[PDB]
Structure formats: structure tokens, C-alpha cells
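>>> Requesting a structural model of the entry that follows:
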Amino acid sequence: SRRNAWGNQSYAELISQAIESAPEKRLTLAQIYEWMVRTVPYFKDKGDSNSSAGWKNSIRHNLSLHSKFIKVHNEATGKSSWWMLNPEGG
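Numbering: from 1, shown residues only. Dropping the coordinates below:
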């Protein structure tokens with residue numbers, strides 16, 4: 001309701017852009033976080049503060065909710081599961 005500024009875009013859309021931006025089309029959980037700061041500098045100010053741990057959890061709900069994302073079995077012995085968009089469309 002009070003969304004504005006860069007755009008009332010949903011986080012699912014911003015996460016899709018990051019994966020779509022990558023060539024292999026694959027990113028780990030930590031990469032989404034770093035990419036958001038890169039694709040959304042407005043978060044650089046919070047990086048110097050603990051408040052960073054807040055918005056990061058919100059993203060975690062999107063990864064679990066909306067099967068839009070598929071889980072990948074990391075060969076690194078499940079060190080960091082890779083997130084990918086479903087190939088049925090996108």
C-alpha cells in the first residue's frame with residue numbers, strides 16, 4: 001500500500017532478473033543477497049547496519065513460497081543449493 005520509489009515491483013520479479021541476468025541462469029542464496037545490493041544500491045546504507053538481517057529473511061519466504069523456484073541438489077555435498085527458474089516457462 002505504501003510501496004513506491006524504484007517501483008512497486010515484487011521481490012519475485014527482482015530475483016528472476018538476477019537469475020535471468022546470469023548466463024548459466026543459476027544463483028545460490030548468498031548470490032541473490034549480493035545481487036540485490038548491486039541491483040538495488042538503496043540497500044548499501046543498511047549493509048553497514050545489523051538491519052541487513054531483516055530484509056534478507058523476507059526474500060527467504062519467496063524462495064520457499066511460490067514453486068516458481070526449483071531446488072537444485074548441490075554436488076558440493078549440499079553446501080549451497082542452487083536456485084533456478086522453472087523451464088516450463090519464463
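>>> all strands in this protein, in order from the N-terminus.
Listed in chain order, the strands of the chain (DSSP state E) span 27-28, 69-72, 82-85.
>>> And these: which comes nearest residue 61?
Of all the strands of the chain, it is strand 69-72 that lies closest to residue 61, at 11.5 Å by C-beta to C-beta. Bear in mind the C-beta positions are built from the backbone N, C-alpha and C, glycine included.
>>> So which other helices or strands are in contact with the closest one?
Applying 3 or more C-beta pairs under 8 Å, 6 or more residues apart in numbering; DSSP states H and E, we find strand 69-72 packed against strand 82-85.
>>> tell me how far the strand it packs on is from the chain's mean position?
Taking C-alpha atoms, centre = their mean, to the nearest Å, one finds the center of strand 82-85 at 10 Å from the center of the full chain.
>>> Quick one: list the elements packing against it.
Contact analysis of strand 82-85 by 3+ C-beta pairs under 8 Å, 6+ apart lists helix 11-21, strand 27-28, strand 69-72 as its packing neighbours.
>>> Name the surrounding residues that touch the longest one.
Put plainly, it is helix 11-21. Applying C-beta atoms under 8 Å, 6 or more residues apart in numbering, the external contacts of helix 11-21 come out as 25-27, 31-32, 35-36, 39-40, 58-59, 62-63, 66, 68-69, 83-85, 90.
>>> Only C-alpha atoms, please: export it in CSV.
Only the C-alpha atoms of helix 11-21 are listed here, as CSV (Å, rounded to 0.1, in the frame of the first residue of the first chain):
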residue,chain,number,x,y,z
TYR,A,11,10.7,-9.4,-5.0
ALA,A,12,9.9,-12.5,-7.1
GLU,A,13,10.3,-10.3,-10.2
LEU,A,14,13.6,-8.8,-9.0
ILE,A,15,15.0,-12.3,-8.1
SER,A,16,14.0,-13.6,-11.6
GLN,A,17,16.0,-10.7,-13.2
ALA,A,18,19.2,-11.8,-11.3
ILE,A,19,18.9,-15.4,-12.5
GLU,A,20,17.8,-14.3,-16.0
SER,A,21,20.8,-11.9,-15.9
